[PDB]
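Every chain is named by a letter (A, B, C, D, E and F) in the order it is written, and numbering of its residues begins at 1.
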């Protein structure tokens, strides 16, 4: 209709400078398209240099961009298809499925940089979410709409633990699961998909109970700094529309902090202390404070933590631990005694064991 | 012929004045601006060219408009001097805030003067007996020199300075100029009441001190100059009257930190750890005007705050070479209750030579530092295994060392409300004989706790007798 | 004491030019010659524009300057000399910008206080005229000085109008008023 | 019903009345917005730190001025402020509504209430950047702030106008001390005398939304919201809000200070304010210092905490008392931030993690927690019957590592060891039960004079409530004596010793 | 690209005139900026590196950085 | 009392979506035309007043 067409003037790695013709400029955090022979290439405007010229971070590979290509605008932020049709469909951060099950016939398309809920709507007494596993609901109970730090490396039944959470939330509270691998290893991405088919939580013919968002490792860092927001918006539509209690799984939040570091070091902002980006607290808060409990429903998050170099004064776990309501450790010395699950009792402590 | 300019740039405490008269006001001159709150004083730091100066702001610059008229005063920031300023609380500019009227004094000298010449330098081996144990044993303070209290966050810099006030400034006879640089406003008020009650400040009468304050509330233009105001009042009495001048300065580190809050804004490249690059010269100009000439003596006591006990910080490490008698205060000593927490190891002085304080004094100090160095060396094996795995000379050495540490404590006349004990002013010779007695082994069977928080060895015997009559 | 500061962003070349020519009167001529050289750049667009590139030379920039002044003998006097400095300083690329800025300074000397009457759709002439009069019949302009006025079309606004000039504006339009109505009723 | 539409239509008349006088000697275009800060061309008559308003509702503070352009920091996400918009200037240095009408409300950093209880009945506006009161209208502190905790008023007392620091670690019980103090001030906020009331302003910075929601719910369970002021700057919102919000709350505190009344403020927690300040100074190219807090971060907490002291009689004998909270990293007291809050406040309450790991809550480390002008302003009774208690816990701390050898000892160390363990188990306290000084005196009095030594160690927790109910049922007149007089005379002391030895005997 | 260092208003003005003072400034120069014991100074085209100069008031200096525009 | 405050909040959010309905009612009008006259006379009132 009335397009906002400009020219790419500069490609620097994952940073892309887009010139627009005058009196047309979209604000920060708005989705821009570039049509390629391979598909579409999405940009998110992050800085305005003046001169009717914006500066974006990539969301896919930026090889082969002739400077001077047309830049199409979509006005709003990165749109994602939401709702019932998204279940069992591996959506990347763009909004397109990659399982080759055709396009997703979803009903709405939502922005991802939305407002967090206002203070009058925050639920004023955090009850206990009945998960279903015994040692969870006994010792370190998960806060309904709270945050849960699931530690421990792979191979201790962590995927078994998280599928068990999927089935038990499907039974007891009837809530759906939104899994999100930020920075997920691609091979174990496929192994997780195959195992979630064979365990029954993904039915390719019936009604599956989970939405997968896999932001792969080989995407540029602007992707991984929004994949968690994509999973968050798919959680928010199930919360505030259909009124449920939805489990948002995020692995692995330290790779999200790396995505923040590399986005705000590619933009030329001065790096902070240890080397994480100086927008650390705010760009953790814009992921944390949208996971809460309103009077309609709630989204409870289980998010892993890769503790860097086995150290807990490093600011990325020292910032995540200013938000986590309850920890859950899957240790080695408990599965070594052949115990399923391996919820270690002495370590997994809650702020809601009161 | 007033020289008018325009404010063309404000960044916090740094303001730019464009002139159109080709006579630009020189470096270190004072501009002023009529504000709706009164007036506000600027100090010209560097010419940018283009008929534009770039100045530091002696007070807060909330609410200037680009283009506001800037007025010249010709010279540097003038400060009232003389006997008129005694018992008065002079701010950085020179507006008193004791609200007892303006300071009807004769001269107003500028702050920025050069240090004295090398031929004007004077030396003095005048030993100042202070009455503290840990000073007068291990690091004797020098009259006419300078005295540093390197100290961490809350291990008794300010309490030790009030101790030296209460033990010197009454029996001094010269004058005293206290200078609150970036310390607490409340501590300034408490020192003001202590000066009123103890007759140092005599309000209606004649006083002996001059308060030059300006605290951590002030924006960093004031803290980079308030020590210069106290300095000018000090060296006036050093030069105009020919007296002895006590110059207590607390805290000298806030000066250099005000040196670090403007230099990132004045376009200087950031130096090492975050401070300015103009550090040794600015600390040099502030230290080398506190000296001792052939006209009078300045025996100054300067606190030094150290950020988080890292003595490789560039500002106190620069400060170490300017001081004739350091005194290190460490938090790891102060947690064990040893007050004051004077590090007996790293304390030095230009004094404490055998030909200066006497051979006996020097030998006692050397033996005490040998015993405490032996303790600090054997620290690790004590921490791992315990005291039982030593030899039988060294176990006696460790035990006598831990006697002498708890004996280094001294109940202060100012910290009386923390410990509940009245003050102890122990003279020098009793301390020398006391440490000689404990070194020679005359008291090796006394329990250790009786050495703690005591005056002299007579009170050690008395307190051991008290605990003997109590424990029985 | 020159009027309307450039201050910073490369208008200082113009500032120097202005003040150097302000003491020697000839500014309109300078201004006219700037108009003429800007037009003869515009009326020869291949390599009148596209030969304002930084990769040429010292010497070729100087000879373009000579080629530029070859078309007209005695190009004012001062603006023929300033180009040489810029040619040597290689700030030629940021040049017509300097033309626009000298124009702003010049018509500030005339006092043309350029305004604007933003809308989302162009308007009749009667409104234009009545507003221009009002703006001329205003405190704003102290008279003795002119008053341009430009209507622009803005879709980002929902209609109404806003008057602008002397970094002083009034907005009685629709979009802002919807905003304020919303804000007060969104509590 | 339509009554808020009536009120909003009156406000429409104000907006339409403001539109009749709207001539903004200011407006300028937004050249470039980047790094979460905006550069604006125009505005040739703006002030330093003047509030401006962009064309999307996001306000802003203009913190630097240059020849050519003005740099305005934002007050929210930069998603709203677009390039090329319109920048009216409001006209004010950054101010907030102050006055008594905020009691009960929950505002964010700019006086916008977010509780959902209508507009702020605002008794005026006041600057955020107020010069601190100079050294002449100050009086040294001489009135107690009865926190209601046992160990706090035993060991580290708080004066009205004494800036005390609550330093600690993560999830180690830091917020609970300030919350129990606010709930203890219910003893006088229900009362009638103004000079004994004590208004609480709790300033949550950097915390979660739901934590501040639960804390408002807690302060309405125990009815503190007739005197509370919540200033919330939750971590979803962007960084200059967190840089501003404790300062605006200090303006709220100064309003109660100048007007004779007494008021407590709680900053919680300034180690996230310095996070927000290092974010705002590492997006404006200002070069970092030690551990990348920028070089003036001492000055920030300085100019914050110095607007709190005790005014003398010359200004109206009002006060403002601050409790900043500092989150350290693993029991550290020597990073660059906690060695700047310590070098301002008049003492520490070092809530060490190891003692809370043994469940002793609140976990005040006694041998580290000290206060400098606390001792001159304690209640006279506790100062009479706890002048040994600090020295006795120092004595017990001396033999802490000496008894770990397991060696058989003399009688005196066993006596002090038993009494020290009884005192350590004695100072525990459940949540939301502050004990008034009228009941803090007899429990400490039973602790000092060896009366507990026959009791086993586990009974002490129920000994507390048993001995309290024994004094509430029978010796009520002694509690009224301690309430009125605030001091133990000899007859009071003998009656108290009888009333102890009675209940001690069984 | 970026403001250069021989572009102040008091120096370009003279160059616009055609007086070309820079060629005349071999033995003499002018102070441009002088703060923190450093004096960026325009002129002295014949100057060396590590050469002594005297300012007209009486304080002396060493010339270290020879840039194109200033000293 | 709690339920009364909740009912007031529900009344306010109903009138908020009614405000959205009023925006939809207003934006189809030739008040888009007629209101330019209002700005015209308003600028006459403002700029003449100084």
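As a working rule, a contact is a pair of C-beta atoms (placed from the backbone, for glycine too) under 8 Å apart; a residue touches a chain by one contact, two chains touch by 3 or more.
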Go through C-E and C-F and name the pair with more C-beta contacts between its chains.
C-F
Using C-alpha centres only, name the chain that sits farthest from chain E.
F
Centre to centre, by mean C-alpha position, how many angstrom separate chain B and chain F?
66
Using mean CA coordinates as chain centres, what's the gap between chain C and chain D in Å?
55
Go ahead and note the Å separation of the Cα centroids belonging to chain B and chain D.
31
Averaging C-alpha coordinates per chain, one finds the centres of chain A and chain C separated by a number of Å equal to 49
Multi-chain contact residues (two or more partners), chain C
7-8, 170, 172, 181, 185, 187
For chain E, residues contacting two or more additional chains
8-9
Can you list the chain B residues in contact with two or more other chains?
8
Counting only contacts in the complex, chain D reaches chain C at residues 4-5, 8, 11-12, 15, 19, 22-28, 42-44, 55, 57, 66-69, 86, 88, 116, 118-119
Per the contact definition, I'd like the list of chain D residues that touch chain A in the complex.
31-36, 39, 78-84, 106, 114-116, 170-171, 206, 208-210, 212-214, 216-217, 232, 234-239, 272, 275-276, 278-279, 282-283, 285, 287-288, 291-293, 327, 329-330
Contacting residues of chain D [partner chain F, same complex]
1, 4-5, 19-23, 116
Spell out the residues on chain D that touch chain B in their complex, using ranges where they run on.
44-50, 63-67, 93, 127, 129, 131-136, 138-140, 286-290, 294-296, 298-299, 302-303, 306, 309, 333-336, 339-340, 342-344, 346, 348, 367-368, 370, 373, 375-376, 387, 391, 394, 398, 405, 410, 412
Counting only contacts in the complex, chain C reaches chain F at residues 119, 123, 127, 130-131, 134-135, 137-140, 158-161, 163, 170, 172-174, 178, 181-182, 185-187
